[PDB]
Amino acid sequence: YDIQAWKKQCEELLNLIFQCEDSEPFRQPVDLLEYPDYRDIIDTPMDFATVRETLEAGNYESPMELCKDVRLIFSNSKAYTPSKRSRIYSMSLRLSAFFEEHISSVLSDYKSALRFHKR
């Protein structure tokens, strides 16, 4: 029932994501010189370095907020892809499956700890 445990769990999951070759396109903000129309489609850019920096600055209050930003990385990829068969989008789908598989226990444990705190 540790209310704070999610933070280090998220740090470790981000470390695993950075070791995945599938995270390459998502490690830093999308390069606007490479994709000049990116901001005409995507209103809120997001990337894993921004997520890691937000976490390390103490600017996430819960793992749900971190999960919302990670999911935005994947929805941006889906919105920007010209095809569902594109390389970068295909990498985003595998990385999303990996992330969802690992974040589920983090969210469950945190929500359970909060419920215990308010019992």
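Here, rigid core means the biggest group of C-alpha atoms that superpose within 1.5 Å across both forms. Position 1 is the first residue in the sequence shown; the rest follow in order.
Put simply, when the other structures in 8 other deposited structures of this protein are lined up on the rigid core, the C-alpha atoms of 77 to 85 lie farther off than those of the other stretch, from 77 to 85 and 58 to 66. Root mean square Cα distance to the shown form, taken over structures and residues in 8 other deposited structures of this protein after a core fit, is higher for 34 to 42 when 89 to 97 and 34 to 42 are compared.
Once the C-alpha B-factors are averaged per stretch, 93 to 101 and 16 to 24 rank with 16 to 24 first.
Taking the PDB entry as given, 25 to 33 carries the higher mean Cα B factor of the two stretches 25 to 33 and 63 to 71. Among the modelled residues of its chain, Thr81 has a C-alpha B-factor that falls in the middle third, as given in the PDB entry. Split the chain's modelled residues into thirds by C-alpha temperature factor. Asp47 is in the lowest one. Placement of the Cα temperature factor of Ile88 within the chain: middle third of the modelled residues, per the deposited record. Per-chain ranking of the deposited C-alpha B factor places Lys118 in the highest third.
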